[PDB]
Amino acid sequence: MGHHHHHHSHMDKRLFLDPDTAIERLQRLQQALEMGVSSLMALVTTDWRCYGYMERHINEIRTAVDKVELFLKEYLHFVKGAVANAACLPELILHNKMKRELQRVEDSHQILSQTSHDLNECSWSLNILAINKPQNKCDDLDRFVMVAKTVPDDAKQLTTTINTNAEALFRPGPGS
């Protein structure tokens, strides 16, 4: 019950820590991601049709984008390590289940980066973002928003899966 001793493992292509400890670690990342997404939601409280409002948040929205990408990247950095340990399981079945759901979280992260990077190459010019055309299915700016706000839910799938099978993924040693 509640034992922490994460040491010796430091730059492995994986992560060895207590099953109890791994749960809180992943929980903190889940909430941290939601805080980053919330930051974006606070800045995006209306449609882009409002140049006046958008221009007054054009700088800080970039940081929020960076936050969503940041927490999501650090989240992947952790869960990928867990999936690495899942490869040491006798069944291996869990390893397939925990990765398939993860492929949605990565699928979001990649398109998020593609849009963010492209907007950055557009120098975040208000002419392209705030003065954007009403008819645009290639609305990468808005796509980032709708996807970023679903990421915490799709990630929550992995969060719960790993946490519930934590005792199977992470073995702290025999206890007789």
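Calculation criteria
Residues numbered from 1 in each chain as written, not as in the entry; some residues may be left out. Heavy atoms only, no water. Helix = DSSP H or I, 4+ residues; strand = E, 2+ residues; numbered from the N terminus. Buried < 20%, exposed > 50% of the residue type's maximum accessible area, 1.4 Å probe, protein only. Contact = heavy atoms within 4.5 Å. Areas by Shrake-Rupley, 256 points an atom, 1.4 Å probe, with all protein chains shown as cover. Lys, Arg positive; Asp, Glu negative; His and termini not counted. Charge placed at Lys NZ, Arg CZ, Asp CG, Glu CD. Core = buried A, V, L, I, M, F, W, Y, C linked by side-chain atoms within 4.5 Å.

- The protein goes by Enhancer of filamentation 1 in the PDB entry, where it is assigned to Homo sapiens.

**Considering the overall build of the protein**
- In terms of regular secondary structure, the protein is built from eight helices and zero strands.
- When its helices and strands are written in sequence order, the protein yields α-α-α-α-α-α-α-α.
- Each principal axis of the C-alpha atoms in the protein carries an extent, and together these give about 65 × 25 × 25 Å.
- Relative to its 176 residues, the protein shows a buried fraction of 39%.
- Partitioning the contacts of the protein with sequence separation of at least 6, the portion at a separation of at least 24 is 76%.
- In the structure as shown, the protein presents an accessible area of about 10,900 Å², 51% of it carried by carbon and sulfur atoms.
- The positive charge centre, built from 20 side chains, and the negative charge centre, built from 23, are 2 Å apart in the protein.

**Observations regarding the nonpolar core**
- Residues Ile61 and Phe170 are the most contacted members of the largest nonpolar core, which totals 50 residues.
- Elements with a minimum of two residues in this core: α1 (19-43), α3 (60-86), α4 (93-121), α5 (126-129), α6 (140-148), α7 (151-164) and α8 (166-169).
- The leading source of residues in this core is α3, at 13 residues.
- Once residues within four sequence positions are removed from consideration, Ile61 is found in contact with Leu40, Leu43, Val44, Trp48, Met54 and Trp124.

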